[PDB]
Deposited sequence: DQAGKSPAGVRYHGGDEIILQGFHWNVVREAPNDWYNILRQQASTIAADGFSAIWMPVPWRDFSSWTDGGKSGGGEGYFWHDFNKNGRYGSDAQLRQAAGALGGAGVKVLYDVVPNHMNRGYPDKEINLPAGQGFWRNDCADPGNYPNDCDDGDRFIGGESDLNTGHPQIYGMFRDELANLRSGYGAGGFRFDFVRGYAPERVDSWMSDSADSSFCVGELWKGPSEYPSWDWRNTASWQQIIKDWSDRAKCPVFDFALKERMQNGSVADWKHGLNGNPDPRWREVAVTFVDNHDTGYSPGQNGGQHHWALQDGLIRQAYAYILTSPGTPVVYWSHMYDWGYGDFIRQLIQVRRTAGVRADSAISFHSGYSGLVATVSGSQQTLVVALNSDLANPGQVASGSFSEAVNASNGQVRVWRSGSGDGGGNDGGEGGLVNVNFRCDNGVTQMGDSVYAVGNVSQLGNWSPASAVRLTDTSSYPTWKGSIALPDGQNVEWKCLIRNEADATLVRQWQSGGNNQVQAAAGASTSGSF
């Protein structure tokens, strides 16, 4: 694995990451107090499957509960104590050690925007009236106020003033803690619409400057005020701007929006397809996550924006053969039987030398999506839901078949 920032200083850790999302939404219910144990036991398999990194659940304990029903998953944590619903502090250290020992960098989900302010038994107790909270200031709506330079979570009563020096420092120090005893190789920042992107740059500079990061900005143009340039911008432009200011890769919700609403041909309009390498190399691509996708267990998980099963193989073939940095969802890989297919695609990606900045060209004249990808070692031809007959119709050189699945709806050839 190679380290390094992008030419623009963006923390894509060499551009060669292949990431596993290491949980689904219902883990705390399906494997009570046992997930870190499971990850420890699976560390060698995860490495053998070809992942360079794993996105871990939020490590800060969360004993919240609401009624659909949920709670405890990490996104309404009450303090930084690691003895939460995924396992104990000791078990987390064992899992992170096993994953790192196997060559899988450990990326923690971190949630700076808010905390479970009302939880009665916690280590972090911030009073009102000192500027620590969004609602220490007038709060007329879901947009920045004088105590919170980003959006708010629901009603905002639990949003922290992350720009207050004490609160900034609290998170800075906890990121350093995670990088030390918990072996962090980077971070996934939750709800990045909730606080300034420049604060993510600062936190990473202070506590993990050479690590990998990714921000979750899931916010469409119509969610911005009519006078904001983003209101008339593309999904790509919105997430790219965040990445520029955080100096962090960003989840490719532009690609996800095309996968949900467009045709397969239109998947070329994700951030990861952009002809400018400074744009596509900051995209972190995915098929589904714990919010968008199903999960095993109660209510099928959240399934806010799930990709239908007739496109899952196509979507994994696209993200695993293309630029940007791909993320594989736990349940596709290890619950629902796509593992062998995904393993094969990961090997294709590695053997071809595809990285986040590899060139990708899209070809006209066929149905579906037809792309040529320039890896450092091989050129790939990728044909998804297409009437393309063979790679010589669209590329020079000698090719052999690498993938042929779903009655030819997924085909990949390599030079």
Point to revise | Deposited-sequence stretches lacking C-alpha coordinates, listed in sequence order | key: 68 to 70, 419 to 530
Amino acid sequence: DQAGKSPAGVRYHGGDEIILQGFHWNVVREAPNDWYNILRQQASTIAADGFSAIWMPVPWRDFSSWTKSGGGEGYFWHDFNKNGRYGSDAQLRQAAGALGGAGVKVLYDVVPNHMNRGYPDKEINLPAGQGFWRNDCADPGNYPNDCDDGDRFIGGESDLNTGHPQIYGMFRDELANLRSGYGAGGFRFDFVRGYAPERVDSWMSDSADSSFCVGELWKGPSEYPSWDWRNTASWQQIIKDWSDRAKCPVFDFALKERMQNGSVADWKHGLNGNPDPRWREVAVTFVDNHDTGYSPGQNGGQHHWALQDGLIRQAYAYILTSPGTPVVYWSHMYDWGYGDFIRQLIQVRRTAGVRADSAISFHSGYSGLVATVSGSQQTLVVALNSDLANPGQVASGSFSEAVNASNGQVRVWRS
From here on, numbers count along this sequence of modelled residues.
Check your understanding: Which of the two stretches, 328 to 336 or 140 to 148, shows the higher mean Cα temperature factor in the record?
Key -> 140 to 148
Revision key, fill the gap. Taking the deposited Cα B-factors and averaging over 402 to 410 and over 18 to 26, the higher mean is found in 402 to 410
Check your understanding: Of the choices 163, 74, 249, 323, which one's C-alpha carries the largest B-factor in the record?
Key -> 163
Review point. If you compare 215, 103, 112, 293, which has the highest Cα B-factor in the entry?
Key: 103
Check your understanding: What third of its chain's C-alpha B-factors does residue 289 belong to: lowest, middle or highest?
Key -> lowest
Review point. By its CA B factor, does residue 362 count among the lowest, middle or highest third of the modelled residues in the chain?
Key: middle
Practice item. Grab the CA temperature factor for residue 123 from the record and place it in the lowest, middle or highest third of its chain. Key: highest
Check your understanding: Within this chain, which third does the Cα B-factor at residue 303 fall in: lowest, middle or highest?
Key -> lowest
Study note, to complete from the structure: By the entry's values, the third containing the CA B factor of residue 134 is the highest
